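Only one chain is included here, represented as structure tokens and corresponding to the form deposited in one PDB entry.
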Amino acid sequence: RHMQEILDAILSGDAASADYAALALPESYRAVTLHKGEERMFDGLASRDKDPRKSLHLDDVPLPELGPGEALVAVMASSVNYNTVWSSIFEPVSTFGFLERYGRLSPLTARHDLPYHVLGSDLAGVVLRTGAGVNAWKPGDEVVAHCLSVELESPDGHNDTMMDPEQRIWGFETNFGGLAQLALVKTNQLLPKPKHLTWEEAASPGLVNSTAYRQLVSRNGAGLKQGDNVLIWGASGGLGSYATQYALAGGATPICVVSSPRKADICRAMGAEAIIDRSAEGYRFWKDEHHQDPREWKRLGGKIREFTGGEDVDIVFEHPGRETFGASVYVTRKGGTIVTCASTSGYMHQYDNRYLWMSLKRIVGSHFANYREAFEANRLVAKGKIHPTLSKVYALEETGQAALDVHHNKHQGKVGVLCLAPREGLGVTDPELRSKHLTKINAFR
């Protein structure tokens, strides 16, 4: 096959850029999709009964016609994140309503409104053909993908593309995701693949890594500096693990909170010492449904002061929202910043404002990451200061159980999946760098 010929080119390790420019398009590429008719076959099932292995079809799909500022990507590996499972489960709504309302933009965007939806918001691969006006990416380049597609027509997002109102998540709100052998992205979603990682490790950190980078490291978020103390609220989790790594490498002290010594172990494995087991310590910040227990804030406060010897956290890395958020405002040191990018336990937060104004704290909402923030996060991955958190890797044919595993926190870390890659372990090109931190790269395994 032609599909075969390209894989051999990637695997050769000697295919020049022009070699790639010479490989022919296959008319089809297998894909993990959803079919527009199977929407309601799932309405009325709980936290687990709606199931992803049923609505996930492995289709042979026609190749999209590319246009300006876009790249066809041969996908070695991708992943299954939260939006992937949710779409596979048609939560919250049906992603075909995204594809159709996003089809009202232009004829090129109409390409996305199709009977099927190719899922996938991550990507590690080789670019094959680039569209009109592309200059920055030659065929043959090893890439990962930032999953924020911005159109950038309104002026809003020209001092921060995260402000741009037409922001879409590639593979979730547009089509041609990465859970597939071929893919189409905007070249301003492409990032240089780190040479010391596997294909599967390379596309693992993804949105969750850049999201924590902007929230913790960038000046749009809390502007971590060396010496800061930072409370991190789900440290072994996706967001928290990378947020832990950034604290350590930025020169700061993570304080990691967890709900099992299994989770506590992964933070030690990453470099953390100061770890709180919120379940071991019996924290009940809400005495009921409507009222909080301010002594439960104070109890965590003093527990924090144990690992630090008196100081409070300059920064709280928030995301559980409703349950944690009262305490996280309380515990923050005077003039400190609470930064939020999610509200998993409930989006209606309640806090004691006295603690905000009298102590001059600030809550700063954060969301995803712009391309420059996504770049610098991927950069820190590429330089060896931040590490992928892969745990299980699947094969393309079994993306269902890939997404039922994530559907029930079956793993502690990320779930990658080989696409064109025949087996795991390929991709490296800087084995030295890889051997310097092998110890931590596969910590979540």
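Heads up, when I say rigid core I mean the largest set of C-alphas that superpose within 1.5 Å between the two forms. Throughout, we count residues from 1 along the sequence that is shown.
FYI, the form deposited in another entry isn't displayed, but the following is about it.
Residue showing a CA shift of 2 Å or more between this form and the one not shown (rigid core superposed; candidates 203, 76, 73, 257): 257. In a rigid-core overlay of the protein, residue 316 has its C-alpha displaced by at least 2 Å between this form and the one not shown.
Relative to the superposed rigid core, residue 151 undergoes a CA displacement smaller than 2 Å between this form and the one not shown. In the core-superposed comparison between this form and the one not shown, the C-alpha atom of residue 228 has shifted by at least 2 angstroms.
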